[PDB]
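Scroll down for the structure; my scribbles are underneath it.
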Amino acid sequence: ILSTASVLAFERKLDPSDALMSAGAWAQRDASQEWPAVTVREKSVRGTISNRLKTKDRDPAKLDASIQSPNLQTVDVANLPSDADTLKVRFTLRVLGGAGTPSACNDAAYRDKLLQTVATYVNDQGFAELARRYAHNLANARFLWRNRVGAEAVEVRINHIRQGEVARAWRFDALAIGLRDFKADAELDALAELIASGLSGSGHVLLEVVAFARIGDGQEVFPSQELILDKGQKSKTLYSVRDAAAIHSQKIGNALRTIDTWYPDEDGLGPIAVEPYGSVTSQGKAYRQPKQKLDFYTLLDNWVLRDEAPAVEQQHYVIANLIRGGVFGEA
Amino acid sequence: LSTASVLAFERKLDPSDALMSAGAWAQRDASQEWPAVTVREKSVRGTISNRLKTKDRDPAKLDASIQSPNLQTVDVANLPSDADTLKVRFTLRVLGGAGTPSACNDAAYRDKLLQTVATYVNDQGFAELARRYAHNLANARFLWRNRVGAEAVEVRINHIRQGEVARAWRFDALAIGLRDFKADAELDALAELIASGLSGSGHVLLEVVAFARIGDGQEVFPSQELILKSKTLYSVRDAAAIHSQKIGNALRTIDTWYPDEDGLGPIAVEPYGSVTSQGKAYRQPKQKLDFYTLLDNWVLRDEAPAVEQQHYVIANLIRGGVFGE
Amino acid sequence: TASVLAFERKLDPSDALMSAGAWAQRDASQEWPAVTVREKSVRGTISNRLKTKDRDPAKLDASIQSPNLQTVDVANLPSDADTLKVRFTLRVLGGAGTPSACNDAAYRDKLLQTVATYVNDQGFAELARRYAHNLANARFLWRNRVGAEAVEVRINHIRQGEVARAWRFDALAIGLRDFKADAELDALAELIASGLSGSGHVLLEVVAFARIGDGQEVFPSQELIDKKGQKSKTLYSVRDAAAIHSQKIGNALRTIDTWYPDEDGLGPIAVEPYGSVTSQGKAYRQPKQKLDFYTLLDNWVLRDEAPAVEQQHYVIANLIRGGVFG
Amino acid sequence: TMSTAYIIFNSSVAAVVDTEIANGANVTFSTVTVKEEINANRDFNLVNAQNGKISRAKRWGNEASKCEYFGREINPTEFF
Amino acid sequence: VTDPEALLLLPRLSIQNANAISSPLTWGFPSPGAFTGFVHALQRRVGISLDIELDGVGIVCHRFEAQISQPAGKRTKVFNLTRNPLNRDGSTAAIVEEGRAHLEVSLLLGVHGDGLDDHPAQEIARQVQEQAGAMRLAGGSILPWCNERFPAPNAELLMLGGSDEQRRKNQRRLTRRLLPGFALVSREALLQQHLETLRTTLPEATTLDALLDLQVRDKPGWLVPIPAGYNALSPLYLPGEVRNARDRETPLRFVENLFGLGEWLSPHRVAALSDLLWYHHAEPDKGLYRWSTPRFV
Amino acid sequence: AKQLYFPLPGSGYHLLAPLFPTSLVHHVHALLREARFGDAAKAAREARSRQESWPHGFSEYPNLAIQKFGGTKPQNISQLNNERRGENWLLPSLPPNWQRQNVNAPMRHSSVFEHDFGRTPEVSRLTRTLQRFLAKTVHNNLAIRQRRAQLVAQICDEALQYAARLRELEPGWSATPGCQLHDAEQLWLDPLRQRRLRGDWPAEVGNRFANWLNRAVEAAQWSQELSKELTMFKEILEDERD
RNA sequence: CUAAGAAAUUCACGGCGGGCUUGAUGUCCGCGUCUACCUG
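Protein chains in written order, with PDB author numbering: chain G, 23 to 252, 257 to 357; chain H, 24 to 251, 260 to 356; chain I, 26 to 250, 255 to 355; chain A, 11 to 90; chain C, 3 to 216, 240 to 322; chain B, 175 to 367, 376 to 399, 410 to 434.
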């Protein structure tokens with residue numbers, strides 16, 4: 023009868039390492055192994071009251087009294103060294119492969135039909151359409167999340183470390199490659215076939231990614247925050267691995283899989299991140315609404331159960347949602 | 024005549040904890056002081072993507088629930104950012120004297136049981152269980168999730184007799200497959216060593232180390248603990272460590288004698304062969320191929336099972352356990 | 026035999042603390058750190074028998090979808106040190122036959138007469154020869170004995186802050202179920218027999234090293250104790270170190286009885302009125318049999334039939350372990 | 011595992027570790043490392059029922075170690 | 003009831019597996035009736051030979067660890083259990099439990115004997131302490147010594163020696179080794195003062211004691250409920266008419282407990298060290314039995 | 175059975191048979207179960223936090239114990255109760271210091287940089303509880319002064335236990351970092367192993391008195417009785433170390 | 001003469017897959033540390 027699997031979860035592919043942030047001068051790019059680390063340090067601030075007060079408590083004698091006592095926070099920040107201008111971000115990405123084989127299913131016929139459908143998908147077309155888009159989000163350095171805007175020239179640079187040595191190197195320039203269109207270059211197809219053979223499974227792929235962003239002398243980089251769970259106050263603690271400021275290994279990699287252009291009301295508003303009920307919090311709302319039939323769950327249950335194969339512009343989405351992993355069972 | 028009211032078997036093949044560390048490749052015979060891979064907190068928020076029970080399948084509520092975030096504070100274990108090798112070191116103690124239970128009630132049960140086990144042992148040795156307990160150390164199947172997607176896994180096995188070594192073994196855990204049980208000119212020596220270690224003809228204790236060339240700054244995986260944070264890891268003395276019995280569960284994956292199908296590879300020897308991952312239970316008691324109806328149909332009614340199932344019914348005893356309710 | 030008669034125990038042991046140090050460094054065994062009780066948590070499947078109303082293939086697979094979650098404790102050697110040091114202080118008391126419960130006083134003095142005519146013709150040197158064997162081979166090392174490469178036990182006589190005489194055995198060449206002669210065990214047995222006969226305590230401090238292996242498991246004694258958390262297998266810790274219980278040493282000192290009617294090739298069993306094994310279940314020396322302790326008391330002191338010398342050894346060892354009889 | 015306020019909303023969610031959000035000023039105090047719960051629209055406040063405590067209101071009133079959660083939080087369903 | 007003459011002190015009495023229940027109502031420190039009877043047993047085993055007389059004890063309780071756990075539930079505690087041997091059938095046993103404790107005390111006794119001149123003042127403490135390392139004192143054994151530094155030497159002070167400044171100097175010269183414990187003394191005074199203050203609602207004495215330990242109010246120290254002896258309800262018997270007694274020389278009276286309250290002082294803020302020697306007032310005139318500390322304040 | 179005997183005043187012994195009381199364990203069971211859960215517990219639960227029923231109390235119940243009677247065999251004993259399967263409570267009578275925490279004695283800043291830091295649970299409770307007696311006790315000279323003087327004496331006497339508890343805690347607090355703040359008072363609350379090398383420093387408690395009793399703590413008992421108790425503590429600290 | 005006397009709880013175990021924590025901020029202003037001293 024092939025009912026839906028009660029418990030189903032998937033191991034991910036495309037793992038990113040943790041991101042490291044170093045600092046230096048732009049002319050010393052090609053010898054930047056021993057650049058010092060962008061350290062985190064504490065500073066103090068002093069705010070005011072800048073929130074929308076309600077209609078009741080808009081008394082004149084209370085607002086000046088509330089701002090007479092300000093709120094003295096203690097913020098952590100990260101600045102580049104005052105003699106350095108170029109921010110170096112280094113992280114390594116490994117490509118696992120075997121995207122169909124799940125982690126913990128229940129029915130054997132569900133698992134076998136799932137692997138059969140995924141084998142048909144890899145048989146008719148390659149992963150080439152789902153690898154000319156991951157290679158873009160390595161090229162135009164979206165993984166620099168807020169450090170990208172207002173940068174002078176963003177040179178990203180990617181190596182193939184098969185052994186301890188490098189196999190074949192690549193340099194791009196992340197502003198020649200736009201943040202919206204997916205072009206077709208001669209050195210985004212030697213990279214895309216590499217991630218294609220890594221995801222299909224015909225080898226092992228480990229990629230070293232460094233990204234130099236030109237921000238300026240003494241400027242302010244942005245690493246990712248943490249939690250301030252439970257006076258001695260503090261706010262906005264950044265995340266540093268061994269006192270070197272760091273982007274998380276899921277904020278990086280979240281920019282690896284903003285691939286999804288195939289979704290309704292697409293008004294040229296750019297790709298979003300792939301998700302079941304494909305949603306972004308920054309836009310507030312959730313696209314791929316389940317009342318539409320262009321979801322993920324009701325796209326898998328109409329392809330592994332009733333075999334109604336959707337358009338190839340959604341089979342590029344379902345497989346990519348399988349590549350990020352996740353839980354998919356009736357929890 | 025009957026079975027016992029209590030019956031227990033202490034385990035053999037006792038493994039240690041498995042300690043983790045990291046460093047660089049191309050450092051052979053100098054890998055005694057590598058710093059331990061420490062765990063650390065790390066915050067993570069990622070929004071709702073489980074299934075829905077066709078009750079909140081309405082756009083009026085999904086946008087409301089997508090704005091209620093789900094901040095968690097998981098742990099993680101990464102290698103040092105210049106270190107692309109994970110070393111797991113653990114010590115395995117093979118006791119021997121397989122048949123003798125630690126407790127019983129009827130002695131007429133117990134000597135019959137020892138008679139059956141001794142007829143098995145002098146009939147055919149422990150060699151077929153030994154050649155299968157070696158290939159869960161030749162290919163490092165104890166590196167559970169840290170094995171998949173690795174450049175070159177290599178295990179080195181040192182048999183200790185006094186504080187010094189006695190014999191040294193270099194393997195290569197990818198040429199030795201995860202599926203087929205080969206016959207090499209050096210796996211037979213480790214095989215017959217654990218054969219002599221299980222037959223009570225000595226006492227063997229091995230220090231086994233595993234090098235997994237994961238990737239610099241990449242992620243490795245320890246065993247995960249209970250909750251009373261939202262993902263706790265196992266730290267022995269502020270060092271990440273796989274569990275002991277998890278190494279045990281990887282060590283006794285020798286069972287390739289299902290009722291079902293030989294085309295899916297081995298699993299871990301249980302009474303009811305019940306892999307919790309795949310969620311199904313091979314060797315169902317409705318079939319006559321489990322352990323509990325292969326014991327009392329061998330030692331009470333005294334019909335022998337086939338020569339394959341004898342290996343499984345002994346290997347279920349080497350894991351020990353409690354029987355006979 | 027009038028109403029109540031009870032015997033305060035002799036051969037009183039103490040707790041056994043643990044430590045973990047290397048080999049060929051066991052001489053310096055005073056600063057070795059403890060072996061503490063860390064915890065872990067395990068996810069178990071189902072491995073018990075089921076009923077005939079059970080074992081349908083639907084309810085079974087629905088059971089392994091919800092495995093049990095339990096948080097056991099464990100104790101390991103630290104991953105550099107392979108040898109386990111267990112340490113315990115045994116004192117004897119002496120004055121074996123004298124009880125402290127009697128409302129008869131004509132039973133008491135004839136009991137004194139019977140134990141006096143037992144101790145005068147033959148001393149304690151047969152029970153002492155087995156009480157020394159139960160410290161020579163480390164029976165008190167209950168589960169940690171098996172599989173070790175070389176157990177080595179050390180015994181110090183102490184009378185003041187000085188040590189008096191120090192022994193050094195080897196609990197592997199010494200068998201576990203035999204009782205042989207030895208040029209030092211006879212002297213140790215004579216010391217503990219001199220402690221048992223006369224008054225005033227004769228004290229002993231015994232350590233024992235076991236070469237288990239690097240970071241292996243040890244087994245201290247457990248402790249007896255809403256199916257949600259279910260912390261099972263709680264070990265025993267005193268001053269934050271894994272300790273074997275006192276009674277767990279007591280059941281390994283008095284493994285001396287090798288005069289059973291049922292089996293004499295199995296080995297010794299701890300002494301007991303209605304002489305019973307908790308592991309083997311069945312109670313040897315049944316009251317229907319005439320080889321019971323409580324029959325052998327009244328036959329030896331009331332009707333005054335002297336039994337065989339083996340049963341005399343058994344009843345006087347039972348008096349050494351103490352008890353209470355009505 | 012608590013005795014909340016009088017909200018009869020749905021199968022609530024609860025945690026004890028609480029951070030304060032500032033961005034998005036219609037929701038305050040977003041909850042951290044949160045755990046699921048089900049009362050399945052029960053009548054009174056005490057019904058929390060994580061895994062073990064459903065009935066036995068006397069034992070629930072005994073279970074006052076981590077109780078009296080206010081409930082006024084990011085959502086009428088979601089509790090403290 | 004009379005004055006002591008020599009404060010014989012035992013240096014460090016490590017105890018293993020002693021009792022913890024000690025009444026139908028408490029569970030804490032063992033009943034100091036055991037410490038009362040322990041020195042009478044000590045005098046009965048020694049004090050006739052060395053010609054002395056012992057009456058009072060103090061307690062210091064260097065440490066105390068019980069054996070309790072909580073099975074992921076209430077803040078009330080369950081106890082330790084001991085595995086019992088099998089019966090004649092070899093199946094199970096009707097197990098009855100009791101608490102345990104690893105307590106570590108060092109008592110100080112009180113000597114009245116004339117035998118301090120013929121025997122030297124260190125032999126009489128080298129024999130008594132050597133005897134009491136072979137006897138039980140609450141239901142647990144007394145442990146010997148390890149191989150480290152040795153506070154196992156005791157002392158033997160005479161309060162009659164020296165003047166008042168010399169008495170208050172050797173008192174500190176004794177208390178300097180006794181400091182990290184907590185001496186425990188009777189507190190029979192304030193109960194029969196707190197009674198009439200609490201006499202408006204209910205005069206039941208157990209209610210007065212039960213709310214002397216249960240904004241919040243104030244406790245003027247560390248109050249504690251203890252047994253304080255036995256009230257008798259049955260009359261005297263004959264020495265040789267009762268069945269199932271420990272002997273047949275003494276009469277018998279059935280008794281119930283008598284609960285009072287004590288105090289866990291520090292050794293410093295006591296007046297002197299003749300104030301905490303636990304005697305036992307024992308009026309039998311259709312009465313009761315107690316054990317207290319007179320000159321308590 | 176289980177019977178004792180006690181010595182007479184100058185005579186032999188009297189045998190006593192201590193039985194199990196029942197009518198005086200059920201009364202404390204009733205008077206203790208209701209304060210755990212009942213009218214006084216459920217209603218006026220918040221009686222001292224948010225203005226509940228004023229004529230009631232809180233009725234705390236620390237460190238209780240429980241004791242079973244065999245479990246699932248309720249026919250042997252008498253006076254049965256279906257809730258009582260061995261459900262008789264036990265009040266605590268524990269001697270204090272039953273945790274044994276004062277082990278490390280490190281080179282910190284609270285108790286290692288300042289002598290009168292006293293970062294302990296009981297010391298912190300005694301420090302927090304002296305505010306009710308540290309008020310204007312003009313008409314409470316025995317209340318804000320006598321109880322305050324007794325609590326000051328108790329907080330002073332607890333320092334001897336907080337120091338001598340590490341009196342055998344090591345072979346000696348040697349030359350190390352961070353403990354130089356405790357090195358200013360490295361005689362009294364410090365190891366043993376002539377005024378500096380052959381003597382201890384019996385004046386650093388006078389320096390710690392301003393930090394503890396002045397910094398953390410009417411004007412008579414705040415300086416006169418506290419000064420006299422500090423002088424007694426200084427005399428006690430000086431009479432021992434030499 | 002001690003609510004004294006008496007006591008083995010044991011065996012075996014897969015926690016496990018997934019994730020964006022974001023945005024902004026003025027810490028201000030005033031100040032006397034003095035007096036002495038034998039290291040052989």
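Beta carbons are placed, not taken as given, at the ideal position from N, Cα and C, and that holds for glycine.
Residue i versus the options, residue with shortest Cα-Cα distance
{"i": "residue 344 (chain I)", "options": "I:126, I:114, I:149 and I:78", "result": "I:149"}
{"i": "residue 247 (chain I)", "options": "I:272, I:230, I:234 and I:258", "result": "I:272"}
{"i": "residue 253 (chain I)", "options": "I:221, I:104 and I:177", "result": "Absent from the coordinates is residue 253 (chain I), which sits in the stretch where chain I moves from 250 straight to 255."}
{"i": "residue 328 (chain B)", "options": "B:317, B:297 and B:341", "result": "B:297"}
{"i": "residue 263 (chain C)", "options": "C:256, C:272 and C:257", "result": "C:272"}
Cβ separation of residue i and residue j, assumed to be a contact under 8 Å, to the nearest whole Å
{"i": "residue 260 (chain G)", "j": "residue 96 (chain G)", "result": "5 Å"}
{"i": "residue 326 (chain I)", "j": "residue 290 (chain I)", "result": "Going by Cβ atoms, the distance from residue 326 (chain I) to residue 290 (chain I) rounds to 18 Å, so no, they are not a contact pair."}
Min CB distance residue i to chain I below 8 Å
{"i": "residue 182 (chain H)", "result": "no"}
Chain C contact for residue i (CB, 8 Å cutoff)
{"i": "residue 146 (chain I)", "result": "no"}
Any chain G beta carbon closer than 8 Å to residue i
{"i": "residue 70 (chain H)", "result": "yes"}
Any chain H beta carbon closer than 8 Å to residue i
{"i": "residue 352 (chain G)", "result": "yes"}
{"i": "residue 167 (chain I)", "result": "no"}
{"i": "residue 310 (chain G)", "result": "yes"}
{"i": "residue 84 (chain A)", "result": "yes"}
Neighbourhood of residue i by C-beta, 7 Å cutoff - its chain only, sequence neighbours within 5 removed
{"i": "residue 256 (chain G)", "result": "Gap in chain G between 252 and 257; residue 256 (chain G) lies inside it and carries no coordinates."}
{"i": "residue 11 (chain A)", "result": "58, 60, 63, 73 and 76"}
{"i": "residue 341 (chain H)", "result": "143"}
Contacts around residue i, its chain only, beta-carbon distance under 6 Å, and the 5 residues preceding and following it disregarded
{"i": "residue 204 (chain H)", "result": "158"}
{"i": "residue 125 (chain I)", "result": "33"}
{"i": "residue 62 (chain I)", "result": "98, 100, 264, 266 and 271"}
Own chain residues within Cβ distance below 8 Å of residue i, not counting five before or after
{"i": "residue 141 (chain G)", "result": "122"}
Outcome for residue i when other beta-carbon atoms lying within 10 angstroms are tallied against a minimum of 16
{"i": "residue 308 (chain H)", "result": "exposed"}
{"i": "residue 32 (chain I)", "result": "buried"}
{"i": "residue 228 (chain B)", "result": "exposed"}
{"i": "residue 50 (chain C)", "result": "exposed"}
{"i": "residue 313 (chain B)", "result": "exposed"}
Neighbour flag for residue i against chain A, beta carbons, 8 Å
{"i": "residue 216 (chain B)", "result": "yes"}
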